[PDB]
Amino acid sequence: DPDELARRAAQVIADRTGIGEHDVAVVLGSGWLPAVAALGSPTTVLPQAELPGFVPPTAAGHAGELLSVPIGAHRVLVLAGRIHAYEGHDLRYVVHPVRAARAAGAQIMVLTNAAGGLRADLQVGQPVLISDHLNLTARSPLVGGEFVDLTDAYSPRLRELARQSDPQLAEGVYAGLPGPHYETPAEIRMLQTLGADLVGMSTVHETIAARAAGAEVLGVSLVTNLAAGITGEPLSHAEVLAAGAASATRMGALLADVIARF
């Protein structure tokens, strides 16, 4: 039972952080690990790996951390590192950190990801609010008849708040694909056709789980690269890995500024 397990993770978070409630949670995955530092000074860091339901049984590699970051009166549960459906994990493990954070008190989930830009405009290193997603994984983390409306899955209010801190923030539609391979240029063209501005390999399940749980979601993509076939050149690994890192800098700090608006 995932809510039951989320409640244990949440008890342990409370126990280990000494903080009984955590009213915002921020998942920083690929491309966004620069963002961690920059959310602000953690009072507790712990390994996610320790936590009930967290870093998956089968494959145990080395998860990231759960930081407890006060931002004013908001106690931010920072999830530095996430697991991905592409790693083989049953989606309940994939969304468990989100569900744990809910149980730990998160009103709002800030879900971040590394994305390829599908769009004209888009610059490498550009943060892009997610206005909506395409779930192109053919899955849901919801099992049974949990029929969650995904209208305004990425809170307009939270996009408004974020633009209060950076009025020049774009938004775009994120296509969530399983990965972990990057996309073909034909898949990219397809995704342009399907209505996506961004493409990536996470997030959609987390949002769904977050929304199912009642949490408001702020989604932020970092364009780590223009998607395949957009420029005419192959993808640069160093660019995907590093070109957005000062962005993820910038953004964690911007982050802290937006959470403070919550």
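The first residue of the sequence shown is number 1, and the count goes up from there.
*Asks:* Mean Cα B factor from the PDB record: higher for 207 to 215, or higher for 225 to 233?
*Replies:* Of 225 to 233 and 207 to 215, the stretch with the higher C-alpha B-factor average is 225 to 233.
*Asks:* Going by the B-factors listed in the PDB entry, is the mean over the C-alpha atoms higher for 38 to 46 or for 195 to 203?
*Replies:* Here the higher of the two C-alpha B-factor means belongs to 38 to 46.
*Asks:* According to the Cα B-factor stored in this entry, which of the following is highest: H181, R189, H133, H89?
*Replies:* That would be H89.
*Asks:* Which is it among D152, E146, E171, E160: the one with the largest CA B-factor in the entry?
*Replies:* Most elevated C-alpha B-factor of the set, per the entry: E146.
*Asks:* Rank-wise, by C-alpha B-factor, drop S165 into the lowest, middle or highest third of its chain.
*Replies:* Middle third - that is where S165 ends up once the chain's C-alpha B-factors are sorted.
*Asks:* Which third, lowest, middle or highest, does the CA B-factor of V258 fall in along this chain?
*Replies:* As the PDB entry reports it, the C-alpha B-factor of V258 lands in the lowest third of its chain.
*Asks:* Sorting by Cα B-factor within the chain, modelled residues only, which third would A73 end up in: lowest, middle or highest?
*Replies:* It belongs to the middle third of the chain when residues are ordered by C-alpha B-factor.
*Asks:* Of the three thirds of its chain by CA temperature factor, lowest, middle or highest, which one includes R139?
*Replies:* Bottom third by C-alpha B-factor.
*Asks:* Where does the C-alpha B-factor of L28 rank in its chain, lowest, middle or highest third?
*Replies:* For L28, whose C-alpha B-factor we compare with every modelled residue in the chain, the answer is the middle third.
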